[PDB]
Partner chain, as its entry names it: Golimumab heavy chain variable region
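Only one chain is included here, represented as structure tokens and corresponding to the form solved without its partner chain.
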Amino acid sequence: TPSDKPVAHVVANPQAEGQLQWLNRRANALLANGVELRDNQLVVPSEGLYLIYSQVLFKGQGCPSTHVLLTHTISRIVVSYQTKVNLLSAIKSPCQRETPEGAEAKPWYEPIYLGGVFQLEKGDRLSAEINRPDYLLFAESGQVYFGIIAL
């Protein structure tokens, strides 16, 4: 705040190497006039038409022996009705099988974006889930973030 819009900006925390934890107070972010964070998800007050958006960048270390599959989704947790309801998702499986025999792993980089304004409710907790946590680039700021904005 300034501007009266419950808005969030939750930059991924770079501490626990292998999971992903959303964090506030990481330089510049937002968790004001309504918007709060609890357990790996942002709880939406009142209700409304909120713009959702989460970024995740998959830092590579070569080409593991298989088609790993990458999956970036943003789930919704409703108050009345609950559990795992898919509001929006995406996928992109890394490297096409090279098995590093030659010039092994000069990194690979696959960033994914998700966005859309949706109809939410009071206490509606939205969360950005990942399939393979073991690949996120931590030489960031903007490489991994998650935010919601009031409209």
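Numbering follows the first chain given and starts at 1.
Higher mean Cα B-factor in the deposited model: 128-136 or 20-28? The entry gives the higher C-alpha B-factor average to 20-28.
Give the stretch, out of 64-72 and 85-93, with the larger mean C-alpha temperature factor in the deposited entry. Between 64-72 and 85-93, it is 64-72.
Quiz for you: based on the deposited Cα B-factor, which of 115, 48, 107, 111 is highest? Within the set 115, 48, 107, 111, 107 shows the top C-alpha B-factor.
How does residue 103 rank on Cα B-factor within its chain, lowest, middle or highest third? Ranked within chain, residue 103 CA B lands in the highest tercile.
Thinking about Cα B factors across the chain, which third does residue 59 belong to? Ranked within chain, residue 59 CA B lands in the middle tercile.
Third of the chain's Cα B-factor distribution that residue 41 belongs to, per the entry: Its C-alpha B-factor, which the entry lists for residue 41, ranks in the middle third among residues of this chain.
Modelled-residue ranking by C-alpha temperature factor, third containing residue 149: For residue 149, whose C-alpha B-factor we compare with every modelled residue in the chain, the answer is the middle third.
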